[PDB]
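Below is one structure, written out as structure tokens; the observations come after it.
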Amino acid sequence: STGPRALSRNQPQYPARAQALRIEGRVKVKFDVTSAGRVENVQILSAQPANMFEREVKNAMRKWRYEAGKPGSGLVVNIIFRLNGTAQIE
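The sequence shown begins at 10 in my numbering and counts up one residue at a time.
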């Protein structure tokens, strides 16, 4: 249980508009967790396609909430969009 620990994190928007297109959404975003447990300094590293599953990423990060006294200062969460009907969240 080393490092930070997500307390309040929600899955990324799963718009059917993409399902029909049959496009696997996978973006690599990097944010920095503060001692307070609030996600900030969120910036997309690589998004391809970028204009497909990027606008529905920052919206989920701004809501995320990690533990306290355990900042990340540079995390990585591949925003996968498994067609199965779920996200990278195990």
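For each residue, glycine too, the CB sits at the ideal point set by N, CA and C.
* Are the Cβ atoms of residue 21 and residue 69 separated by less than 9 Å? -> yes
* Spatial distance of residue 94 from residue 78 (CA atoms) -> 34 Å
* Does the beta-carbon of residue 46 have 16 or more other beta-carbons within 10 angstroms, so that it is buried, or is it exposed? -> Classification for residue 46: buried.
* First and last residue of the uninterrupted beta strand (DSSP E) at residue 67 -> From DSSP, residue 67 is part of no beta strand (DSSP E) but of the alpha helix (DSSP H) over 67-70.
* Whether residue 57 touches residue 38 by CB criterion (9 Å) -> no
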